Structures are given as C-alpha cells and as structure tokens.
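To begin, one chain is listed below as structure tokens, in the form solved without its partner chain.
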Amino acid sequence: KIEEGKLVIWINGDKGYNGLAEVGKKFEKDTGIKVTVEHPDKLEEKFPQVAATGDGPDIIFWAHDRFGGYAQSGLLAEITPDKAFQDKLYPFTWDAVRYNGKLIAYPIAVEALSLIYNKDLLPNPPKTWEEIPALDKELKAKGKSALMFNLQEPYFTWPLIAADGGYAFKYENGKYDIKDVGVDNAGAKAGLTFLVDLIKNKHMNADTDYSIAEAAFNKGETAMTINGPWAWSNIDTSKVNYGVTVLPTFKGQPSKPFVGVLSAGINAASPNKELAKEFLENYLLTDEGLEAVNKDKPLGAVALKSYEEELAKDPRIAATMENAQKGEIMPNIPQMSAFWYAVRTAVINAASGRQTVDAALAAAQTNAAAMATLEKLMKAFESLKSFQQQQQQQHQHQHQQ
C-alpha cells in the first residue's frame, strides 16, 4: 500500500510532525500532490517488515545508525543530490548517511553530548579534564561535587576514552574497517585510566547512573554534568541557571562524543522517488522547511548550514554543533552491537576494580568476537527455520514428488 501520485511520510511521535505536515501542505499548493504524515508506534521495527514486501512509507525519518541495517536489507534507495546541494549541508553529516559507498539518506538534525554546568556554582567552566580533580576538592569544602555523569553506559564515557586516539571502527575510503578496532590502543588506554583515577580518588562514584546524575544536577548538588539536548527540558523545570558548553579537553585533545544524525531515507519500493527528492531537497531542507518543523518541536542542531547559523544564536545549540564537529559519527554497521557489548563490560570492570585498564580493554576484543559468533549463528538458525518453512508449501500432504 504505497500509492503513486502522492507521498506518505513516517516520522517518530516525539518529533515536529504537525510542522512537517505544513511543509507538505506547502508542497501540495505548488505541485498538486497531497502529502500524508504518519507517526505509528515502533515504526523503526515496523518499517523493515513492511518495506521488504514492498509496502511502507515513501520517506522515513529516523537516526542514521538504524538506516545502515535498512540499506543492508536493500530497503532504502540511493539518493542523487548533486555537488551544489551537498555543499548546502555540513560535509561531515554526509558520512553518516553512507553505506557501501552510496548515499542512502538526507541528514536533517545533528545530536551530540555536551557539557552542562551550573552557572551559580561555577561561572567559569573548565576547558580541560585535568583541572577537574583540583576543582572537586575546592567544591567539596562547600559540600558539593565537581562532576557527576552516567558511568554505566559506554555512550557517556566514550568522549574521554576517544579523546586521545580512541576509535571503534577506522573510517577509511567511505567504509568502516572491521579489522581495525581502536579500543586497545594507547589513546583509549589513557582515557579510561584517567576515569578510573577519578573514581579511586573519590572524585566520582562508580555506581553513578543516568537517574542519579540527572537528579544531582537538577537539585544543584553537582556543578557539572554530561548530557544531551533531550535532558534540557528537565533542567528548565528545576529553575537551575545552567549553561551548555564545549566538552573538556584531555591531553590537549578535544573530547570525541558519538554523533547522532536524524535522517530522511527514501524507500526502495517507492514509485515517487523523484517526488521525494523534490520534497526533501527543495521544500524541507530549506530555511522555511526546517523552521516550520522546529517551531512545532525543536530539532536541535540542523545539517543545513544556513539555518544552523540562524539557530546558533542559542549558545546551547552552538555547543551541540561544536561538540559534534569535534566528535565522531556513530558507525551504522551491524558490528556496532558487539562493540557496545564489549566496551560496556570493559568500562564497568575497570571502574569497579575487577580488571585493570590494560586488561579490561584487551578482553574487549575477545568479548567483541564472542558476540559476533553468537550473532553470526543467531541468524544462521533463523535461516534454517525459514528453509523448513518453504519445505512445507512445496512437498507435503498436498503435493509430493
């Protein structure tokens, strides 16, 4: 149920879909083609099912990392924007929407971790990681702590680990090299050691999670926290005078958080590919098009240079973009599952004292190959099931041989 001569668009419920419909309303007035915007529950899981059969939306809006799995399954169509339109967006955002050399989606919004500080407790935020231990002792005299952030998830701790030479997958020649993993290098060694040093010197607690860290900052117990744009609304409600700035540097090198890019992909089964190209390139990815969506729900930092400069007036957004350009793009390959599994264990075991930094990171490459073996055989058996599925419609109590 695609239906040619019209566009049906899928976008998550927490996004500005009403403003997107306004863009589609503008699109209808110029070309005479109606645009329907739908927001079904769990559309990221519904899409691969329906798009395989040849159904689903013409355009889908989701994070770029999930789009890699779609392009693997051949559900997304290769987009054809020329050199001039590619210059309209930030050059790095184009790397997020790439699979097997081909461009598969249009970058819309950019999301990344930033440093959030209490202005009343600390009007001058630190530029380096190394001055935070010294800052903690000075704030402990006033019954406060310098920095509290989520330590359970690798996503939050990676900016430090990365900062000086850490890397999950080496991005070279428009592709990720799965044979080159930078979790066991000297840069990642130093970053995690510094984090562990912060813990054993009582500057941070190893048991700290999202709930503990958010509550601590919103009550004004800690001076600084590391969080994304999604948490801004909760800090606004707590009346806390907060600022958002660039992440602290480690060994003179900037922190490298993972970059999440909200993207627009065209279904491969769609017979409205050139119409989707017209809508996305010339109606949505313009100053008006993004403004209409942003006013319904804030898009944060955007991929379009012209409108990003406009939004930059908000220093929070400017910091989101600055950390993103200093960070690295979330790899869209399936091998990322094994990476998260390995690094999560690595960080937890290093922080708790179960394993040393050198040993915890070394075991990560072993543990990553382990998840790979489980996954490579996980889908080997679901394939065996599907082979015996067809062996029931060919030769049975209905037709033999």
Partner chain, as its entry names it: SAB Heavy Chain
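Residue numbers count along the first chain shown, from 1.
Separately, the form solved in complex with its partner chain exists; it is not shown, and the next lines address it.
In the deposited complex, its partner chain lies within 4.5 angstroms of at least one heavy atom of each of the following residues of 283 to 304: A301, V302, in sequence order. Of the listed residues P154, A77, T31, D314, only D314 lies at a hinge between rigid parts moving between the shown form and the other one; the rest are more than 12 positions from any hinge. Between the C-alpha atoms of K297 and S114, a gap narrowed by no less than 3 Å is obtained in the deposited complex, as opposed to the form on display.
Compared with the form shown here, the C-alpha atoms of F339 and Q49 sit at least 3 Å closer together in the deposited complex.
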